[PDB]
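Just so you know, the protein sequences line up as chains A and D, in that order.
Add 1 to the 1-based position in the first sequence for the deposited numbering, that's all there is to it.
Add 193 to the 1-based position in the second sequence for the deposited numbering, that's all there is to it.
Heads up, the beta-carbon is just placed ideally off N, CA and C, and yes, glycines get one too.
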Amino acid sequence: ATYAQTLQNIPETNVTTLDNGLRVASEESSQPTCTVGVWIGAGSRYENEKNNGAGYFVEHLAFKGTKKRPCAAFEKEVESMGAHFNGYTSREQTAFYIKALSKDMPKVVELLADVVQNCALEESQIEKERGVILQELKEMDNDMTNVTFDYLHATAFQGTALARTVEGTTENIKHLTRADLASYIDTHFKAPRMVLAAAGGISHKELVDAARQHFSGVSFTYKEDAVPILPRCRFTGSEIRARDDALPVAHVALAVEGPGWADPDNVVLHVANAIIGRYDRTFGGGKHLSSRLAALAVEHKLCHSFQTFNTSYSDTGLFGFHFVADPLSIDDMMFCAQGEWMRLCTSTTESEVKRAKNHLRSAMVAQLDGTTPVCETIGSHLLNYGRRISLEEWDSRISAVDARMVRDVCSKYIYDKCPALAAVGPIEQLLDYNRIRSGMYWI
Amino acid sequence: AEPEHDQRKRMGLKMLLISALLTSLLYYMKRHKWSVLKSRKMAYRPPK
Ligand SMILES: CCCCCCCCO[C@@H]1O[C@H](CO)[C@@H](O)[C@H](O)[C@H]1O
Numbered sequence: 002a003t004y005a006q007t008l009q010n011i012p013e014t015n016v017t018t019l020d021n022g023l024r025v026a027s028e029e030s031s032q033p034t035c036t037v038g039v040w041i042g043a044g045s046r047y048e049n050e051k052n053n054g055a056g057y058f059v060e061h062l063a064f065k066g067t068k069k070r071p072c073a074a075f076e077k078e079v080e081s082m083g084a085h086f087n088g089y090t091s092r093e094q095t096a097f098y099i100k101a102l103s104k105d106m107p108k109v110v111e112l113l114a115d116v117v118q119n120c121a122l123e124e125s126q127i128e129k130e131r132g133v134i135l136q137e138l139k140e141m142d143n144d145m146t147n148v149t150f151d152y153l154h155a156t157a158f159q160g161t162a163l164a165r166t167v168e169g170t171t172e173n174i175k176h177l178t179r180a181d182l183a184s185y186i187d188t189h190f191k192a193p194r195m196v197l198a199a200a201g202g203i204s205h206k207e208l209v210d211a212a213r214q215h216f217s218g219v220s221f222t223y224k225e226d227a228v229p230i231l232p233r234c235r236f237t238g239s240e241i242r243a244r245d246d247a248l249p250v251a252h253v254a255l256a257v258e259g260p261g262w263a264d265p266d267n268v269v270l271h272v273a274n275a276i277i278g279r280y281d282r283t284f285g286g287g288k289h290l291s292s293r294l295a296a297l298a299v300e301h302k303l304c305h306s307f308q309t310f311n312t313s314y315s316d317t318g319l320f321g322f323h324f325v326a327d328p329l330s331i332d333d334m335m336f337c338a339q340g341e342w343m344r345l346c347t348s349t350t351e352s353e354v355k356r357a358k359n360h361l362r363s364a365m366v367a368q369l370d371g372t373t374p375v376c377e378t379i380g381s382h383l384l385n386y387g388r389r390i391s392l393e394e395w396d397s398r399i400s401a402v403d404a405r406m407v408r409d410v411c412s413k414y415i416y417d418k419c420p421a422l423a424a425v426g427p428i429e430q431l432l433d434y435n436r437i438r439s440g441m442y443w444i
Numbered sequence: 194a195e196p197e198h199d200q201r202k203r204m205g206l207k208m209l210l211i212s213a214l215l216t217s218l219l220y221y222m223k224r225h226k227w228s229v230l231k232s233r234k235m236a237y238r239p240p241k
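In structure tokens:
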């Protein structure tokens with residue numbers, strides 16, 4: 002049994018659209034347990050200055066019970082069947098999903114539909130989750146890594162929809178209303194923009210049947226069933242420096258604008274980041290790690306960790322890197338990093354890519370390690386690519402990447418581009434955008 | 194008294210033209226780099 006075959010033999014992902022526009026998809030395995038959920042095309046990006054944070058406030062009440070079955074009951078009914086209910090919300094994607102035995106696949110589907118369609122929004126609950134969210138913000142404020150990425154966006158997409166935090170403003174959360182929340186749900190949570198995805202020991206048909214049964218609400222006007230295209234977000238080469246010598250370490254993130262979900266280059270871009278990779282003081286590979294940056298990081302104690310990323314979006318993205326270092330090793334670190342980006346554009350080797358690829362292949366495969374992760378991949382590919390891309394395909398696209406190709410793309414997206422940078426902490430040694438800008442050319 | 198008279202003046206001409214051209218250029222370049230600072234904005238955000 003060869004990798005090649007094990008791929009072809011992976012069951013297909015069934016996709017059928019109901020009448021109201023909702024899409025039901027799923028991957029059936031011989032597993033007794035499963036994961037089903039609805040992945041929505043909503044999020045902070047879809048918010049505005051006045052309702053920024055609603056989608057998150059909503060996330061906080063999605064589980065506090067619906068109208069048909071209030072808090073106590075809703076909770077009790079789920080716990081008692083051993084099901085796990087989780088969910089999240091990003092800038093361009095929200096989702097609620099459940100983990101339970103395939104045997105309850107339908108009762109689950111019912112629950113889901115009841116959550117997205119009939120959230121309680123009990124006036125009394127709101128005022129409580131309001132105090133709660135307010136607390137979550139203070140705790141998250143102490144997580145430099147996310148405070149940084151937020152700032153990164155804040156400036157990389159400054160002045161636009163994407164420049165907003167998923168959680169939202171302090172004011173916004175202090176004043177949002179039963180109304181605004183209701184409105185958000187009734188405006189965004191709609192069939193054509195939703196996907197009921199599932200994976201495990203489920204029958205597509207048993208699923209799609211149970212789907213037609215609880216996801217009814219048919220639309221009348223043409224407006225109701227066309228998916229609204231968002232106004233574009235403008236990238237801006239710029240920097241934001243939140244200094245505080247009182248923090249023990251410094252955080253730095255640098256990025257150029259990304260291509261966006263649909264673009265094929267994204268594959269090569271990922272193949273690229275596979276070369277630079279990532280490090281963190283607990284990798285035992287140490288000085289022998291294959292990643293040049295990681296080595297230098299070790300050889301010269303350049304940092305505590307670092308990661309490359311290719312955060313994609315519908316019409317844009319962020320391709321860059323982030324690293325945590327001590328106040329006095331920020332510069333060398335940055336210097337070396339930008340060096341590697343330059344190496345990508347001008348002197349990548351076949352040897353490098355060959356490996357990067359295998360690392361990437363193993364990566365995609367591991368992204369589907371369980372039911373939740375698979376369901377999460379289905380819920381996403383549809384929402385973003387409009388269909389499902391099977392490992393069999395991914396692999397072919399990845400296998401086709403060669404040095405000469407990695408070079409061209411990276412050059413196309415990195416070389417001589419004005420980057421967006423965010424620094425937090427004791428960042429005095431890292432300095433001058435100008436200097437950083439010139440680290441954007443000549444190997 | 195000074196045979197270079199004409200050549201000296203012909204050079205002065207060239208010197209000015211180049212000079213005016215080169216200066217303008219380097220002014221733009223100087224400004225271009227500095228812009229990063231000139232427009233820079235800051236704020237004081239204590240956890241007050
Ligand atoms: C600020 C920089 C100023 C340099 C200006 C260069 C002008 C000198 O150029 C001179 O012009 C003379 C006149 O024809 C020629 O005879 C000389 O050979 C030539 O070198």
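Legend entry - Three-state secondary structure assigned by DSSP to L432 of chain A: As a first step, residue 432 of chain A is located in the first sequence; it is residue number 431 there, counting from the start. Coil at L432 of chain A, not helix or strand.
Inset, instruction - Use the C-beta contact count for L294 of chain A: other C-beta atoms within 10 angstroms, 16 or more gives buried, fewer gives exposed. - result: For the purposes of this step, residue 294 of chain A is identified with residue 293 of the first sequence, where counting begins at 1. Looking at its Cβ environment, which holds 16 or more other Cβ atoms inside 10 Å, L294 of chain A is buried.
Legend entry - C-alpha distance - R235 of chain A paired with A155 of chain A, whole-angstrom precision: Position 234 of the first sequence, counting from 1, holds the residue named residue 235 of chain A. Position 154 of the first sequence, counting from 1, holds the residue named residue 155 of chain A. Whole-angstrom Cα-Cα distance: 12 Å.
Legend entry - Distance cut-off 7 Å: residue 163 of chain D Cβ against heavy atoms of ligand 1: Outside the displayed span of chain D (194 to 241) sits residue 163 of chain D, for which this structure offers no information.
Inset, instruction - Pick helix, strand or coil for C120 of chain A, following the three-state DSSP scheme. - result: As a first step, residue 120 of chain A is located in the first sequence; it is residue number 119 there, counting from the start. Three-state DSSP puts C120 of chain A in a strand.
Legend entry - Alpha-carbon to alpha-carbon, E168 of chain A and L138 of chain A: As a first step, residue 138 of chain A is located in the first sequence; it is residue number 137 there, counting from the start. As a first step, residue 168 of chain A is located in the first sequence; it is residue number 167 there, counting from the start. Their backbone Cα atoms lie some 8 Å apart in a straight line.
Inset, instruction - Just the C-alpha distance for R233 of chain D and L248 of chain A, rounded to the nearest angstrom, thanks. - result: Position 40 of the second sequence holds residue 233 of chain D. Position 247 of the first sequence holds residue 248 of chain A. Going by the C-alpha atoms only, they are around 24 Å apart.
Inset, instruction - Closer than 8 Å by beta-carbon distance: list the chain D residues that pair up with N435 of chain A, in chain order. - result: Translated into positions along the first sequence, residue 435 of chain A becomes position 434. The contacting residues are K226, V229.
Inset, instruction - Determine which residues share a DSSP beta bridge with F310 of chain A and list them. - result: Translated into the one-based positions of the first sequence, residue 310 of chain A becomes position 309. Answer by DSSP bridge pairing, in chain order: A:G321.
Inset, instruction - Only counting runs of 4 or more residues, tell me where the alpha helix (DSSP H) segments fall wholly within the region 76 to 130 of chain A, in order along the chain. - result: As far as the region 76 to 130 of chain A is concerned, its whole alpha helix (DSSP H) runs of at least 4 residues are 106 to 119.
Legend entry - Residues bridged to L422 of chain A [DSSP beta-bridge criterion]: Position 421 of the first sequence, counted from the first residue, corresponds to residue 422 of chain A. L422 of chain A is bridged to A:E240, A:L255.
Legend entry - From A:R165, A:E123, A:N87, residue whose alpha carbon lies closest to that of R46 of chain A: One-based indexing of the first sequence puts residue 46 of chain A at position 45. For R46 of chain A, the nearest C-alpha among the options comes from A:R165.
Inset, instruction - Quick one: grab the DSSP three-state call for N15 of chain A. - result: Position 14 of the first sequence holds residue 15 of chain A. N15 of chain A: strand per DSSP, three-state reduction.
Legend entry - Cβ-heavy atom distance, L215 of chain D to ligand 1, below 7 Å: As a working note, residue 215 of chain D is residue 22 in the second sequence. It does: the Cβ of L215 of chain D is within 7 Å (strictly closer) of some heavy atom of ligand 1.
Inset, instruction - Compute the Euclidean distance between the alpha carbons of residue 446 of chain A and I230 of chain A, then round it to the nearest angstrom. - result: Summary: the structure shown does not reach residue 446 of chain A, with chain A confined to residues 2 through 444, and so no result is reported for it.
Inset, instruction - For the region 17 to 28 of chain A and the region 212 to 220 of chain A, state whether three or more C-beta atom pairs, one from each stretch, are separated by less than 8 Å. - result: Yes: at least three Cβ pairs fall under 8 Å.
Legend entry - Straight-line gap, residue 469 of chain A to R70 of chain A (C-alpha atoms, nearest Å): Nothing can be reported for residue 469 of chain A, as the shown portion of chain A is limited to 2 through 444.
Legend entry - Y280 of chain A, buried or exposed, once every other Cβ within 10 Å from all chains shown has been counted against 16: Taking the first residue of the first sequence as 1, we reach residue 280 of chain A at position 279. The residue in question, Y280 of chain A, is buried, as its Cβ has 16 or more Cβ neighbours within 10 Å.
Legend entry - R224 of chain D: CB within 7 Å of a non-hydrogen atom of ligand 1: Along the second sequence, one-based indexing puts residue 224 of chain D at 31. For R224 of chain D, the shortest separation between its Cβ and any heavy atom of ligand 1 does not lie below 7 Å.
Inset, instruction - Could you tell me whether any non-hydrogen atom of ligand 1 is closer than 7 Å to the CB of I241 of chain A? - result: Taking the first residue of the first sequence as position 1, residue 241 of chain A is located at position 240. Outside the cutoff, so no.
Inset, instruction - Would you list the one or two residues that DSSP bridges to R279 of chain A? - result: Numbered from 1 along the first sequence, position 278 holds the residue referred to as residue 279 of chain A. Paired residues: A:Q308.
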